[PDB]
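Structure 1 and structure 2 below are the same protein chain in two forms, each given by itself as structure tokens.
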Structure 1
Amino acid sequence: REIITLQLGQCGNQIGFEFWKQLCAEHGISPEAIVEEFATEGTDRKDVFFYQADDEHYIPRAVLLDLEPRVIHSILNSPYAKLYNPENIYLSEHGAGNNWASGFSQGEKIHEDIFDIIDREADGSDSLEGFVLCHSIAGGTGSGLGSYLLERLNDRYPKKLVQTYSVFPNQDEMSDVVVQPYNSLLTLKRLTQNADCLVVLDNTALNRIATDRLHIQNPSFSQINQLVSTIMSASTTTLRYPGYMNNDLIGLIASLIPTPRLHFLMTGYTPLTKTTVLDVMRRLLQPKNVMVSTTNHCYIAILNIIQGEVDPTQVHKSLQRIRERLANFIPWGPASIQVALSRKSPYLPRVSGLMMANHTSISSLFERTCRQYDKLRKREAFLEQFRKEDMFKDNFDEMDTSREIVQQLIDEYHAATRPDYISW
């Protein structure tokens, strides 16, 4: 079951690039897309993310879109320039200029060009499972164009799953672009209504990790994106190897998200700074290892992907300790903790783990966005550029509607922490 990856704007294209470089390494594929001599056979399944053009040639099922040339041009001048399908790269002359409404309106104008690439890649798939969107929620392209695409995919491919990797801004990034709470809230509306699973990538927490744990003072996007490609790579493990019948994309979502509307996941990772499976799983629960910055709140579900050689007789003990001890779960159903045992790629130069968690404290992130938006909105601050666009020419009803949809999301999260979430 194929997955098509859509990369939007500076952020989405820059994190997409690291993700595909990482997958190439793992799947024994060269920067030019040619099977490595040592990798003619393997345990891995390339079919999901890569198209097989030849016996020896592999192309990413990836669509690259931006409204500015910079990032796509960097990629086309890199050692990985030949990897991507040149017909899958779209670049618009016309930027989104840090404005959601401009990015969104630009989507409308460039619809047919975008979906000539998407439709072709979809119709070229034997059994398409769904789409992965990589983007920032705070800029102009990843927010506006991303939001346009989410609505369009919902109508054009109603039976396909949409998973996103959505980057939430830093405080430094928030203060630099004053309209970000608007772009963010507007994007959160489509992430709430038009995505099946959203992996929250939080620049605040990612920066904190790079400084406190990796000891990198003043971390660049390149360095931050190393942690990002690690999450994205680790979280697609069960899709990239055979034998995880219960954890194809449909299966992953079902277990992590038994609550359809509460589909925002946070990630944990170890080692960030002799090790057993008990240690790895204990570490994944430590707040300092959790990659979003957020009593009462609880786990809806946990999936630990554990990579490396482990004593599998000890997995029960680790899981059970977590149920009966660090980990607070929903009061209206059983504790849902699952493990997927994996081995590290033999092509790579140790035991590690990724936690994918559905935790209600994620709402505090959306609460913050709502507070920053309210401070601006209730002074009609910085709305002039939005007004110049079609969606906001007459009024800001689209904003008031986004605001209420995100409030309904937040309300459901708090309600999920209580036994009365189910009236029985």
Structure 2
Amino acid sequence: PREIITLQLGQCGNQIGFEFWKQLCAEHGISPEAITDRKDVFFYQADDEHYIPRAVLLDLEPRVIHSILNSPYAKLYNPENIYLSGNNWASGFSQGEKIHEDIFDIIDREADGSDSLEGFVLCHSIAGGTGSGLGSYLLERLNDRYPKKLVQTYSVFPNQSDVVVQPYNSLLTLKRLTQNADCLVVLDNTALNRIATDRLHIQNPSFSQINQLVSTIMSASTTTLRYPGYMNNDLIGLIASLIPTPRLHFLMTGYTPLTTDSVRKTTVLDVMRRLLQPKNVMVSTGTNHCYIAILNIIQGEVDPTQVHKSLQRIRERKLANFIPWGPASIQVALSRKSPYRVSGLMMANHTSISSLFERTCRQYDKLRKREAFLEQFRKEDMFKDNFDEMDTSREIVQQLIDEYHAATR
């Protein structure tokens, strides 16, 4: 009975968000407006026996939000939750301070509506301006206006440019994602593509097509909260299981049934089996590294006897290389689906996730060791360098994540 409020920022933020609410709606049998599962967690009971999502659509430009509003779901969202006011993280981190008040009026209100709020989900992108700039700002404010309230995020990492400063905004955000966020579901645009392109066969994969994937995961990873059971009914119940120590709290995901249309047999076996095949992992990396915990959420019929049998085959084929300094264990979670074949979702805190952070700095340093485009960011309270404060921090994240693969740990 724990509520979750969702903050959607920037195009990226608000587009994976649109899809997100399109997906959950389908499941809970809600129409683009209104109507045993737990809807409360993500929805609110309208003053007309109808439904509306606990979502805050924030953007610094009208284009994207009006597409949603001039769409089939315009009637779903809570009108007073839609806010509209730069390209730079500085410009984004900026206006937030400017829009602060106007924003929390919507944030604190939904914050009231909830009786037992757990925390916040922030959909957004790391590159870009608003998502990172405004988003980093919120992540700092949220960490004060609500100190106990947990914070998770679905952060979209850029593909592999055409922004020029992605490596800037990105570092400046990864910081606020390291210390001002409890859980960090990492969505790698590169990885999303490969799939869309490969395991789907689309030469020029669009964002709609790409976001269709993200919705699936954004959707699956929250099934145990919406079709609740005895164990795993708190968001903190999931994250806790995936985060032994702080900082190290960046996860990577993956889904099994991705294509086709018949097979001879598809059991939970080849479902857990594939979730470890990196080809299905939505992140890009390039011995040593190992998982720090693994979760698998299977939907539909399963009979927990078969599951023990699947783990064993893994233990002997050594398919999963876990940490050396502790209990190598993967958690399964047999969740339901909505009343409308198997299906599996993996969420892991794996070491090589440091790879993306590394891939970002090298780009940063390079662009930094030339004082590149520093003219636009230094255009508002960047009369020195918070930049350095961030790099160092991010380096810490790469330091512990690697140090995490050492038996010493």
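Please note that residue numbering is based on structure 1, beginning with 1 at the start of its sequence. In this text, rigid core is short for the largest set of C-alphas that superpose within 1.5 Å between two forms.
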| item | value |
| --- | --- |
| Large Cα shift (2 Å or above) at residue 25 between structure 1 and structure 2, core-fitted | no |
| After fitting the core, residue 371 CA displacement of 2 Å or more between structure 1 and structure 2 | no |
| Displaced residue check between structure 1 and structure 2: residue 402, CA, 2 Å or over, core reference | yes |
| Shift in Å of the residue 307 Cα between structure 1 and structure 2 [rigid core superposition] | 1.2 |
| Core-aligned CA shift between structure 1 and structure 2 for residue 336 (Å) | 2.3 |
